[PDB]
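K.L.:
Have a look at the structure that comes next, please.
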Ligand code: HEM
Ligand code: HEM
Ligand code: HEM
Ligand SMILES: *[C@@H]1O[C@H](CO)[C@@H](O)[C@H](O)[C@H]1NC(C)=O
Ligand SMILES: *[C@@H]1O[C@H](CO)[C@@H](O)[C@H](O)[C@H]1NC(C)=O
Ligand SMILES: *[C@@H]1O[C@H](CO)[C@@H](O)[C@H](O)[C@H]1NC(C)=O
Ligand SMILES: *[C@@H]1O[C@H](CO)[C@@H](O)[C@H](O)[C@H]1NC(C)=O
Ligand SMILES: *[C@@H]1O[C@H](CO)[C@@H](O)[C@H](O)[C@H]1NC(C)=O
Ligand SMILES: *[C@@H]1O[C@H](CO)[C@@H](O)[C@H](O)[C@H]1NC(C)=O
Ligand SMILES: *[C@@H]1O[C@H](CO)[C@@H](O)[C@H](O)[C@H]1NC(C)=O
């Protein structure tokens with residue numbers, strides 16, 4: 376793993392949520408969830424336990440089980456290991472890094488890298504969905520944030536909402552472009568399974 | 036003037052003007068995870084993150100095994116008189132006696148998230164929070180059900196629900212397994228016909244009748260009883276959509292019926308139903324050509340007329356959908372003194388199933404303690420413990436009989452304590468059997484009665500519906516089995532349906548044919564008693580002062596009680612909705628404002644603000660779906676573009692005053708059936 | 036003088052003077068099944084039977100994974116001072132500030148039905164229902180714990196609990212797997228020694244001290260931190276039983292501790308504890324010969340004396356055991372503003388474990404909504420839904436940040452809203468590792484420090500306890516491994532344990548040997564400050580008018596606060612208990628009333644009313660287990676029948692005034708250690 | 180993805196999911212609460228596009 | 036020599052000479068928590084800790100509402116003859132016909148952990164794993 | 278009874294240990310399945326039901 380704060384929380388969330396769906400800790404024993412590599416540990420009991428463990432000495436360390444199931448690491452047993460070089464440094468903090476501050480540059484980069492008609496579909500999508508918002512101040516907040524991404528996009532979306540979000544705010548405007556973000560630009564490599572009426 | 040949800044106020048939580056906290060108290064923040072450094076890993080000691088996420092991760096509960104898709108609201112039932120002469124039920128025991136109620140409407144097959152406007156049997160579940168316990172009338176909008184025995188319910192539901200290999204199709208009976216079961220189990224044919232008619236695709240929950248379906252018993256104080264059928268009579272009038280409209284509406288707005296019910300209550304237009312009953316003696320069980328214990332049969336009103344007992348009105352929406360609507364647990368076993376069951380084999384099995392299924396949904400025994408499930412009459416018994424036990428019992432002697440508790444809580448029966456009692460006259464006699472009675476054998480006579488009692492155009496909708504669904508069946512032999520069973524009901528129906536499938540229908544089978552007709556099984560036949568809350572789409576334009584007089588048209592229509600939406604290119608001053616967000620399915624009548632012809636024609640109909648031909652598509656769809664259409668002044672050229680003349684019925688072209696008068700009276704007719712073709716030219 | 040359970044009143048249900056009902060209301064009777072005929076089968080439509088039985092069938096919930104066997108009660112905590120300069124905790128915020136509390140005591144390994152007097156570590160879980168959220172101190176009666184890392188907890192518990200093939204032995208560490216783990220994981224040796232001493236078999240919950248074990252942080256409002264250890268000091272004084280006594284008591288009265296706690300509060304003799312703390316500087320974490328993050332170590336009071344914060348008193352028993360005691364959900368993660376965690380690896384893993392395990396017991400995320408689990412300070416957040424959602428939230432905008440809800444519920448931190456905050460000065464540094472610090476490596480020094488601080492007879496009890504349990508170990512190499520680890524702590528202890536096992540003790544290993552002693556780790560050392568609620572068994576007889584003297588003897592003893600029990604052959608006037616129902620384990624002292632010698636000889640000790648030699652066995656057991664024993668007047672013959680001299684320590688003989696004065700004095704000594712032999716002889 | 184920290188995940192979903200009072204609209208972000216969150220939380224703008 | 040637990044052999048797990056793994060496979064060590072520093076706090080990304088502790092935390096299921104305290108064993112039932120003249124039961128359908136069985140004995144009132152030698156009515160429940168479905172004779176040591 | 282009380286404390290696992298040891302030591306216990314057959318018309322013929 377990495378120190379992505381979004382990834383960090385998922386690790387907890389996805390394991391916990393299975394307790395709700397499956398109503399037990401033995402959801403991995405389900406045929407679709409089972410691995411092909413085998414399972415050997417000191418986990419016993421729980422709801423819907425499907426196996427019958429033969430090892431009565433279900434703990435580590437132990438003389439009676441001769442140290443089996445055994446510990447595996449980087450050098451022995453081909454076990455999992457965290458990257459040796461990874462380190463922690465600094466104060467314990469409930470805050471995001473200053474490097475996470477930019478929210479407007481890449482959105483514009485994506486919009487720049489689309490075709491003229493694709494750019495219209497994106498605006499038409501915002502035009503459609505933004506009109507369903509009943510609260511006036513919320514629509515003003517939307518155009519205010521859209522104006523930071525692009526002035527033309529803010530103004531074009533604004534005309535459908537029946538108001539102005541005009542005055543440019545060029546803190547984050549640019550003309551850079553990147554490959555492969557578009558869909559309608561390229562042609563399909565195969566027409567197999569395509570339907571004809 | 037008393038609030039319907041008054042009892043639920045004590046459990047309500049106001050978070051306004053407060054700091055964020057945990058579930059165990061103490062003020063907190065929850066917008067940042069605790070990290071080991073500026074760009075560090077999240078700590079396990081972060082209790083604020085885990086307590087927040089754990090609750091989110093465990094939000095979902097299992098949906099209902101059937102009727103997963105639905106919506107509801109609170110209300111008040113009022114009894115018109117003292118009905119002690121026919122029943123000992125306390126909620127019907129006095130004139131002007133009011134009882135709080137909660138009603139939940141639903142479809143059947145579709146899962147949570149499925150469309151409201153899918154073709155299906157609909158649910159009509161009503162609870163009476165009476166002063167002698169909760170009484171539930173769990174019913175449907177169709178007076179008969181598919182099967183005759185409750186043991187066959189999983190077989191019915193497995194067949195109609197999506198195929199288990201791919202889980203397709205969603206919320207639809209138009210597939211092999213469904214029509215395999217209808218042909219293999221021909222008792223289901225009757226409910227099939229109702230489901231293929233207007234009852235399958237109703238306008239809204241407000242425009243449905245409701246039925247208890249089963250024959251129940253009403254018992255007096257002395258033990259004497261009478262057989263009873265429950266009926267909910269809509270005061271808004273019956274109304275139904277067309278199928279081609281219903282399909283489009285499913286995608287355009289899957290929340291059509293629940294939002295309709297919500298907007299009606301919020302706007303001060305609370306829907307109401309009258310509670311009616313068909314009362315007959317015990318000796319009439321097998322008197323009218325069928326068995327009253329058979330749930331696949333209804334009792335014609337010619338043999339037993341409707342007797343109105345009271346009126347229910349739904350006037351309060353829920354504040355939290357999940358806590359109230361989703362969590363509510365209806366049961367046909369929820370019975371009170373003055374009522375009793377019958378030996379209907381389908382009903383008999385439901386009493387077990389509904390109590391059992393709550394163990395799965397609520398994951399514990401204590402589901403009646405939930406605010407929405409609680410009665411207003413009080414709960415006193417020796418039930419202890421269980422998961423989520425909300426109370427603390429004071430009586431340490433939780434058993435009976437007992438000297439230590441002084442005989443309390445005490446036993447109650449017919450003579451003492453106004454306790455429930457089974458009808459004393461009821462008897463059992465005969466061998467223990469796994470059989471059905473010989474009186475249940477006729478599966479074709481009533482389906483024919485229902486088909487005969489529809490209008491020619493209504494008969495066409497049922498046939499066209501069968502044609503549509505039967506054509507999706509891949510298996511050839513299954514389609515032959517379907518036409519074989521349809522032929523037993525009617526040869527003409529089997530002939531016409533066979534045309535679409537490209538098969539030859541079998542020769543006439545005159546065993547079950549008849550020309551009888553019955554009262555009150557129709558829809559597109561009778562006009563609505565009120566056009567209040569009906570929706571009108573005013574197609575206008577931003578260019579050339581067309582929007583000014585469209586607002587005047589809107590203003591006049593609102594006085595009569597109509598919900599109006601002015602359509603334009605963008606949300607200008609007076610514009611409610613854009614053409615991009617507009618569709619014909621969301622309106623009962625489409626009106627073209629004067630000066631709005633430009634958007635139907637050349638330059639103006641192809642603006643980037645909406646898809647190509649959107650203004651013209653709305654009026655065209657509205658006309659093809661039978662809705663009263665109109666066009667004010669020079670807007671009659673808009674009708675000329677789509678090819679519709681200004682003479683034919685349901686089309687109103689002229690001045691503003693004439694259009695309003697024509698549109699309003701057109702909404703009473705609702706659907707104009709002369710635009711739909713019948714078989715044979 | 037406020038009621039500690041005043042918030043709980045609103046969820047109490049009284050069934051007195053009421054008729055029996057269902058869970059959904061409506062009066063009923065439930066003593067007869069609905070049958071089809073006089074001798075017929077039970078009907079499925081019988082809703083009264085199934086609704087009653089369903090709740091009974093689903094009564095049980097999963098027991099606690101550990102500390103399953105336990106009991107508790109409500110109370111009030113009172114702060115002795117304003118403690119703002121050391122902590123921001125509100126419940127320690129002012130002098131004479133009262134906060135409600137619930138405390139639960141427990142064993143560890145035994146299941147819900149196990150004996151109270153089994154040898155084990157005892158739980159001491161205390162909750163503070165403060166005005167800024169629930170604060171829990173989940174502690175034990177022993178200051179140190181077995182393991183150093185929380186990931187090893189399943190390994191510890193699996194080893195001590197019954198063998199998974201036969202589930203034997205119940206509530207006991209006297210088997211192969213337990214001592215295999217203790218010897219294989221040397222860190223567990225310290226808590227072992229505590230467990231083998233009087234702390235393993237305490238007199239009652241009221242005669243136990245309590246410890247938080249882990250080092251926590253006390254944080255001030257300005258953000259200055261101090262390392263802290265929690266201590267509960269009993270005002271009843273420490274007291275413990277002997278092992279041979281505890282074994283018999285486990286069978287005679289399994290409910291000994293919970294009945295004792297119940298009777299003390301009921302009689303009006305409420306127990307009390309003083310909340311004390313050891314304050315250490317942040318730079319003195321590794322300055323006392325060990326690491327303060329290590330949970331296997333305790334800090335001697337010579338280095339840091341206790342600072343008394345306040346007093347707790349338990350004065351209210353629960354109305355319902357299940358609803359209150361069984362359902363309460365303690366968590367070390369229940370922390371409030373003013374307190375913070377540390378980097379103890381055992382504590383770090385607990386924070387996850389306790390919140391997670393509630394999903395098992397309560398089958399849902401809304402366990403904090405249960406009456407016993409609710410805070411008194413209010414709950415406001417964007418948590419919605421979940422299994423058994425009890426409230427109805429009014430705020431439709433259940434998210435943040437948000438304009439629509441106007442930033443409510445608002446965020447709270449250190450300077451705003453008095454929200455929780457981690458110690459500002461804390462930091463992290465180094466590589467991400469799956470290791471334990473080298474400062475944790477000493478496993479043998481403090482166990483030796485504990486043993487040195489016990490009295491000779493107390494040291495013998497520890498060795499005799501090890502002798503008993505180690506002899507049950509069938510595997511010889513496991514017993515050899517135990518002696519090897521015991522030898523590292525002390526050679527003398529190893530040799531004295533080896534002789535009972537018949538094995539040659541290993542040669543001395545002086546690496547960790549020392550002669551240091553510490554204060555306050557003893558029990559029998561001290562005398563009791565009060566003798567209230569203590570139990571005296573008056574052995575009398577129904578013949579010869581012995582009850583008159585016994586009644587006058589009882590009347591006097593009860594005036595000093597003692598609970599006296601007059602024993603006879605049968606329940607005559609003034610007789611509390613029969614000889615058949617009586618046992619020495621139930622009493623703290625045994626006094627033979629005058630004229631009750633007849634029941635110790637031939638006929639008289641051979642009555643059909645009780646087993647042979649019962650009266651003599653009670654006195655023999657009482658004397659052999661070290662209790663104060665007495666005999667009034669001619670009752671001296673009874674002491675001579677069992678070979679006990681009348682003038683030794685804790686043996687009183689003479690007139691009524693002399694016997695009463697002696698026994699009351701002997702109960703303060705409680706246990707006479709001179710009747711227990713020490714090694715060498 | 181919309182958000183930068185995982186603790187904000189319930190806030191994101193609650194806003195995009197149907198309104199809790201009526202459970203409307205189904206499978207759509209075209210309503211007040213969703214666009215209130217997107218504007219109030221600018222990090223979501225990229226995935227929105 | 037017939038093994039009563041022959042059918043159960045397929046679900047048996049042997050951990051002798053094996054490495055430690057998770058419940059989703061892949062070898063691991065599970066004696067040290069992942070820490071951010073030598074004396075640091077435990078990381079939330081320690082998947083090995085939580086997967087191990089989650090299974091421990093959820094080990095317990097609810098005990099039986101009655102007959103909580105009990106113990107059982109496997110066996111073999113043998114019919115002495117063909118009892119077709121009195122019953123159509125398949126397991127009593129022929130002489131020397133063997134059927135596997137499992138018997139659990141118990142008390143009534145006591146919860147899990149209670150003593151065996153407490154005074155109570157005792158359970159005697161026997162299952163017959165017959166060739167035409169499971170047949171249970173759930174009984175007691177007292178006839179009434 | 279006086280034996281049973283002390284045994285409950287000394288060895289709570291008395292019966293399950295006894296059953297286990299019997300099977301391990303090669304002393305498997307046995308029971309004979311017996312039945313009392315009565316005719317349908319004699320259900321209330323022996324002074325009770
Ligand atoms: C004509 C007879 C029937 C009628 C009128 C009917 C109607 C309904 C309705 C309206 C609901 C939704 C209740 C709500 O609003 O929450 C429902 C759900 C349900 N139905 Fe029926 N149904 C019938 C037949 C059956 C049968 C034969 C069975 C099986 C014995 C059955 C089993 C169920 C179950 C288990 C639920 C879910 C209840 C819950 O989760 O609360 N139904 N039915
Ligand atoms: C300082 C060492 C520990 C102490 C003093 C301690 C104390 C306690 C106490 C008193 C209880 C019973 C609470 C009650 O009265 O209801 C308990 C239960 C429990 N303990 Fe611990 N414990 C310790 C270590 C651990 C560790 C390391 C773990 C694993 C990470 C753990 C996991 C649990 C669990 C899952 C429960 C059941 C909680 C419930 O069901 O409410 N404990 N512990
Ligand atoms: C007629 C005399 C009865 C006998 C001989 C009897 C026998 C038994 C036995 C042997 C068990 C434990 C089964 C095992 O080994 O796991 C048991 C448990 C149980 N008993 Fe009975 N019982 C009787 C009456 C009843 C009655 C009248 C009820 C209520 C209708 C009842 C409800 C239960 C329940 C719910 C269990 C738990 C079953 C489980 O969780 O697997 N018993 N009984
Ligand atoms: C792309 O444009 C950005 C503006 O945000 C600029 O900072 C950067 O130098 C450009 N990179 C190139 C050369 O692609
Ligand atoms: C109702 O119960 C009463 C006793 O409370 C009893 O005397 C009476 O017979 C019962 N009623 C009937 C009609 O069975
Ligand atoms: C039709 O109605 C008539 C009423 O005249 C009735 O006698 C008859 O039984 C009904 N059924 C058929 C199939 O004719
Ligand atoms: C707490 O929140 C406030 C805003 O409410 C902010 O000004 C402050 O920086 C935050 N942190 C601290 C340390 O108070
Ligand atoms: C026993 O005596 C006193 C308590 O009465 C105590 O201070 C002392 O520490 C104890 N003895 C030892 C060796 O610890
Ligand atoms: C024992 O006490 C002495 C004197 O306080 C101290 O110097 C030493 O560190 C302690 N530890 C041992 C085991 O010697
Ligand atoms: C049934 O037949 C068996 C032998 O096959 C015989 O021993 C037994 O007496 C018969 N039982 C009855 C009751 O007829």
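Chains as they are written, first to last, in PDB author numbering: chain A, 376 to 572; chain B, 36 to 716; chain C, 36 to 716; chain D, 180 to 228; chain E, 36 to 179; chain F, 278 to 326.
Note that the Cβ used here is the ideal one computed from N, Cα and C, for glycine as well.
List, in chain order, every chain D residue whose beta-carbon is nearer than 7 Å to that of residue 436/C.
P.N.:
Here residue 436/C corresponds to residue number 401 of the third chain, with the count starting at 1. Under the 7 Å cutoff, chain D gives 219 and 220.
K.L.:
Would you mind reading off the limits of the beta strand (DSSP E) that contains residue 347/C?
P.N.:
Here the question's residue 347/C lines up with position 312 in the third chain. Taken as a continuous stretch (DSSP letters only), the beta strand (DSSP E) holding residue 347/C covers 342 to 351.
K.L.:
Do the stretch 510 to 527 of chain A and the stretch 209 to 226 of chain D meet, that is, are 3 or more Cβ pairs less than 8 Å apart?
P.N.:
The stretch 510 to 527 of chain A vs the stretch 209 to 226 of chain D: in contact.
K.L.:
DSSP three-state call for residue 468/A: helix, strand or coil?
P.N.:
Here residue 468/A refers to the residue found at position 93 of the first chain. Strand, per DSSP.
K.L.:
With a CB to CB cut of under 7 Å and the five nearest residues on each side skipped, what residues in its chain are close to residue 63/E?
P.N.:
Position 28 of the fifth chain, counting from 1, holds the residue named residue 63/E. 55, 56, 57 and 83, listed in sequence order.
K.L.:
Quick check on residue 174/E: does DSSP put it in helix, strand or coil?
P.N.:
Position 139 of the fifth chain, counted from the start, is the residue given in the question as residue 174/E. Strand at residue 174/E.
K.L.:
List the DSSP bridge partners of residue 246/C.
P.N.:
As a working mapping, residue 246/C is identified with position 211 in the third chain. Beta-bridge pairing links residue 246/C to 175/C and 266/C.
K.L.:
Between residue 92/B and chain E, is there a C-beta pair that is closer than 8 Å?
P.N.:
Numbered from 1 along the second chain, position 57 holds the residue referred to as residue 92/B. Output row for residue 92/B: interface = no.
K.L.:
Looking at C-beta atoms only, is the number of pairs between the stretch 287 to 306 of chain F and the stretch 310 to 327 of chain C that lie closer than 8 Å three or more?
P.N.:
No: the two stretches stay apart, fewer than three of their Cβ pairs being nearer than 8 Å.
K.L.:
If you follow the alpha helix (DSSP H) that residue 501/A is part of, which residue opens it and which one closes it?
P.N.:
Indexing the first chain from 1 puts residue 501/A at position 126. Taken as a continuous stretch (DSSP letters only), the alpha helix (DSSP H) holding residue 501/A covers 491 to 505.
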